[PDB]
Amino acid sequence: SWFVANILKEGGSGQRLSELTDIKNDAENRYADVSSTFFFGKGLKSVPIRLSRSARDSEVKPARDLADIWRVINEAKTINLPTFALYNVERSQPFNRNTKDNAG
Amino acid sequence: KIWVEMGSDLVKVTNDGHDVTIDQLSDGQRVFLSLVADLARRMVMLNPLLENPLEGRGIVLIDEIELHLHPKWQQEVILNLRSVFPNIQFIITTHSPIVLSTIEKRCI
Amino acid sequence: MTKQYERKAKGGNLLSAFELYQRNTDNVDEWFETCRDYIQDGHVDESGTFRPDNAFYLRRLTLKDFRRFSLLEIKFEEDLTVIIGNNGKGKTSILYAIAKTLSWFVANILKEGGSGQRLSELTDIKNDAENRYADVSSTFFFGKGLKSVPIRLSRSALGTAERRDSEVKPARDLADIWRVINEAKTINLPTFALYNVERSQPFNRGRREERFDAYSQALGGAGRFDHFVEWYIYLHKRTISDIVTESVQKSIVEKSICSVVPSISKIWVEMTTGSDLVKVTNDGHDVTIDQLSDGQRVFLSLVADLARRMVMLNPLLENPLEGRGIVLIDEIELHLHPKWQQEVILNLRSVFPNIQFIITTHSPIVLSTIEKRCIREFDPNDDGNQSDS
Amino acid sequence: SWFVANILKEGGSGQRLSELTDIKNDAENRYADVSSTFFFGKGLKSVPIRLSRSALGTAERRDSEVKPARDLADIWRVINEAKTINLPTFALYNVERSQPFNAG
Amino acid sequence: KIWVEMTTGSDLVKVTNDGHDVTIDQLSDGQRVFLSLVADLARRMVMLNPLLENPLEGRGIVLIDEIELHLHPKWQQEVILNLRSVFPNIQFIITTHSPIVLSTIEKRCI
Amino acid sequence: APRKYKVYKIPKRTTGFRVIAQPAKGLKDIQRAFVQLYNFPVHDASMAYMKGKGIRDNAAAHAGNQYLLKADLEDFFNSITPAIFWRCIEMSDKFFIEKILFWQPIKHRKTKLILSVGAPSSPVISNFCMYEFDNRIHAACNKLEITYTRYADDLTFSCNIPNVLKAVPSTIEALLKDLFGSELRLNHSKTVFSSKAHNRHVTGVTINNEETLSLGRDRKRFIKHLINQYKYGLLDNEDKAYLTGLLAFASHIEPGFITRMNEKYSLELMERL
RNA sequence: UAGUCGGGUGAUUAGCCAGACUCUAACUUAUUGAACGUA
Ligand SMILES: Nc1ncnc2c1ncn2[C@@H]1O[C@H](COP(=O)(O)OP(=O)(O)OP(=O)(O)O)[C@@H](O)[C@H]1O
Ligand SMILES: [Mg+2]
C-alpha cells in the first residue's frame, strides 16, 4: 500500500498495521514489525521497507523513492506501472446487480 | 463467451453452454470470474504500452485460491492464471493439497 | 360438522382436532390437550436422546422449471441428505427453494396471515423454458396425524400476463396450530435456518431475549452472529450473580460451540475494559473473534446461530438442541481444512440429532462416513436437469 | 401519515406502528391500538382510524383499521386530480428542529 | 445515580429522580441535558486536577449558553442553587432567557 | 344460463372449505334434456359417472397388479372451456350450446366459462373431453402391459413389469400438451408411486397385498368399534344411520367383511341395521 | 431394521398371528353427479 500510495501523488502514505489486532497477544515487546525486501531487477535491486506498530516508527523511505521515480517517469511520459493486488475471501460477495454511472 | 446486452446493459456469459447472467451463476463460477476479470482490468489499465497487457509485472496475492471451487477446477486454476499472466508474481495461499500437484516443488 | 371432525380427531388426525378447538370453547379441554400432546409427545430412547412421537421433516421437493432444472425430485432423506455435485448444477437453487418454502412456516408462526419469501420473476425461472413460470412444489410430514403437508411456491416470469398462485395454505394451517397452541400453553417450536455462503463475512464491530427472535433473519443465509454475540453478552450479564434457565442456556451454547468446532475450546465474555467483548480460546490461545481465521469464524457463526435459535425456541425440551427443525447448509466445506471437512457432519448431526440437515457440497471427502442413502448425486454427464446415490 | 400516504399515492400505506417500541411492554393484551376520530365538515362528521400492532406470536393479527381514512384521503386525491383543490397541511415539529443551517 | 448491568441483561442507567428509582430515559429531556453538562464538567475537572483533595475545587472558565434549556420552571427555580457550592473557583459565564433562574442570582452577578 | 348458478361452501374433512356452484332448476332440466338428446363418446377406462361401473370396478381394474402409479389433474373441472369442448367435437346454432353447458363465476368475465362440479351435465362433458386422451393413453398402456383407469381427476396406472410406469408420467404431460393445447395441466405435487410395499388404494378403496379389494384396516377397525357400540346401544339416531350407511358401503366393496361381521355376532343384528 | 397390507382378540387404542418390499402413499368433497343402502 505504501508503494501504491506513493505513485498516486507525491509524499503519499500507505496503510499501516492495526493496533488492536495486528500485534501478537503474547509478544514480550508489545510491538509488531513487518520487514519486507523487494528486488527491482538489477538497476536498483534491493529495496527494503519495514512497517511497525506498537501496542516504534516505520522505515518506508526506499518505497517512497522508488514510487516517486515511477510517478515522475510516468508524468514525463507514459510507462507500464506494476500491478499490486490482493484477493481474500471478501471477493466472495453477492453480485450487487446495481450498476452506477460514475461519469468516467 | 462473455458479452454485454443492451436497455440495462446486462453481462451475459455462456456458462456450460447456456447464456446466463452474473446472478444466474454459481458461487464459484462468479468468484473466479471476479478474481480473473479484476486482474484483467487492472493490468490492461496499468500496461497501456504492451501489445499484450496481460504480460505486465506486479505482485498478486490470492488467499484460499480454491474458494467455492470443486476438485477438478482446483487442479488447473494456478496453471491457467500463470498462462494468462506469465510475468506477474503470484503469492497464493490455500489449504487443499490438490492444487500443488500441478506445480514444481520449488514453489511450495 | 362436529361429528365428522370428532371422528377424525378421535382417530388421530391433528388438523380435525385443532379445527374442533377453533369451534368449541373458543369464541376445548379435550381437543386442546390432544393437539398439544401431538406436538409435545416423545420418548427418551436407549441413547438418552429425546425423540418426538411425531417427527417434523421435509419429505419431497419438486422443482418444475426452476432455474437450471426443468424437473427434479429429491426424497429428502428424513434426516441427513448431502447433495454432492460440482459447480453449475444447482445445489444452491435447491436450498434456496427449500428456504423460501420454510419462510412461510416462519412467517405464519410469527403472525397469522403472515407472508413468506417469494421466488423471483427475474432470476428463478429457466430462460430456455416455454412455460415462463417456476414451481417449487414440496411436501412435509409431521406424523401420523398430518402425514402430508403440501406447499407450492410458484412464480410467473416478469412480463407474462399469467400469474401463478402459490399454495401455502397448508403451511398457514400447520403454523396456525403451532402458534395458537404455543400461546394457549407453552410448546416447543420448529427451528428453521439457512446457512449459505453469505455466513462468511468480516466480524464487524429487537430484544434478543425473546423466543420469537429465533426467526429473525433465519432464512436469509448469513444467520445473525451479531445477534448471537449480543444475546450471549445478555446471558452473561443476567447470570453472573453469585458466580436459572439463562445459566443453562448459556452452558448449552458453550458446550455446543466448544464441541462442534475443534479449534475453539472455550468462549466467554470479558468487560474488564470498557468494550464488553467475547474471548475465544482458539488453538490454545485466547483471542477475539476478529482474530479468528475464515474457517474458525464461519464454523462458529453457524453452530452459534443454530444453538441460539434452538435454546430459545425449544424452552421446555430438557435438551433444547434435540428439538426439531429443517436446516439448510449450502457449502459445508467453506473455509474448512480438509481434515475438518472429513468430520463436519459426523459431529454436526450428533448434538442436533432430531434436525433434518439438507447439506450440499462439492468435496467428495465430506462424504466420509455418510451412508449412500443420504447422498444425492447429479451425474457429471447426466447433469442435474433430470429427475441420486 | 396515512392521510399523507393516500393523498400522495393511491393505495399508499402510511407509517405503521412498531412491534418493538409502540407496544406497552407490560400488557396482558399483547397488542397496542392507536385509535383516533376526525371531523371533516357537516358530512362525514366522524372519520375513524385505528393503528394496531400485536407482538410476534399472537393468534389474531391485531390489524390497523384504516379503511375510512384511506377512503377520505382517496377522495381528496381524486377530486384534486380532477380539479385543483386546497389540501390539508399536516406537519410535525419536535425539539429536532433546532438544527444548524433540485428544482424537481 | 448508578448503572444497573448485572440486571436486565443490558446496561441501563438508573437514578432517583423524585424519590423513585427509575431509568434515565424517564427523566425529563432538560434534566438529561443538564445532567450531561454537569457530568462532563465534573469529569474534565477531575482529569485536570490530579493533586487536589476535591478536584471540583479547581480553577477554569465555564461558559453555558441557555443554562435553562428544556428545563421545567420548577427545575429552573433550582438550577443554580448548587453551581458555585460545588464549583467554587471556576468562573461561570451563563446566558439565559428565564427570570425564574434570576430569582436565585444576585444583581451583582447579572 | 351461464350466470344462472348459486354458489356456496361445503367444509373439508380436515380443515378448510370447498366452493360449489349448483345450477338453477330450469337450466338443470335443459342440460339434462341436452344430455339425453345427444350422447357423447366416452372411453371404457373412464370408470366414473356412468351406469353400473362404480368405485368397486375402478379399484378392481388394478387389483391384479403389484406396482401402482397415479397422477391427479390440477384443477380438472374449472379448466374446461368452450375451446376444449369444440376442439374435442371437431376432432371426434352452437352458441346456445355454449350458454347451456357452462358457468360464469365472474360478473364481468363474459368469456370466463367453465364447468362446475354441481352441474349435473358436468360429468358427461368431463368424460367427453378426454375421449381421445383416454384412447391414446390406454393404447400406450396396453402396448406396455399397463392397466389404466380414470376416476374423474384420478388417472391411475398399474403393472407387474418393474420400471415401466416411470416413463408414464412424462408421457401423460406430452399427450396433454398435444390435445388440450396448454390449458389443462397435471399436478406434479400429487403424483404417487407405490408397490406391494406401501399403502396402495384406488379412489378410496384399499388394495391389499393379496390382489383383492378391501376397506382398509383403518375402516375395518373403525366400523367395528361402531358395531361394538351398537351392541350396547351407545350410538345415536344420526350416528346409527351413519353406521348403517358405512356397513352398506362395506357390503358393496368387501362383502366378505360383512359375512365375517355376521359370523362375529349374529345375522339378526345386521338385518336390524 | 424400517415402512407397508390387514386374519383374528379387544373396543377407533392397546395387542397376538400371518405375510409380501419397482429409489417410491399422502384415505380425499356435498345438497350436485354417479354407485350403496334405506325406505
Ligand atoms: N434462471 C436460471 N436459468 C438458467 N440457468 C440457471 C438459472 N439459475 C441458475 N442456473 C444455473 O445455476 C448454475 C449455477 O449453479 P447453482 O448456483 O444453481 O448451484 P451450485 O453451483 O451447485 O452451488 P453454489 O452456487 O453454492 O456454488 C448456472 O450455471 C446456471 O447454468
Ligand atoms: Mg482466508
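The numbering of chain F matches Swiss-Prot: 25-116, 127-307, in order.
Per the header: electron microscopy, 2.5 Å.
Cβ from N, Cα, C; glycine included.
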Identity of the Mg(2+)-site residue among F:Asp96, F:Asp99, F:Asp273 (reference: F:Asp187, F:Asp188, source: Swiss-Prot):
F:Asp96
Using Cβ-Cβ distances, find the residues under 8 Å from F:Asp188 (Mg(2+) binding site) that belong to the same chain and are at least 6 apart in sequence, listing them in sequence order.
F:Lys94, F:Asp96, F:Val236, F:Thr237
Excluding F:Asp96, F:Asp187, F:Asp188, which residues of the same chain place their Cβ within 8 Å of the centroid of the Cβ atoms of the recorded Mg(2+) site?
F:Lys94, F:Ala95, F:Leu97, F:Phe100, F:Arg184, F:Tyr185, F:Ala186, F:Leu189, F:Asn221, F:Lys224
Under 8 Å by Cβ from F:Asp187 (Mg(2+) binding site), same chain, sequence gap 6 or more:
F:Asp96, F:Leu97, F:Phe100
Need the DSSP three-state call for F:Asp96 (Mg(2+) binding site) to compare against my parser.
strand
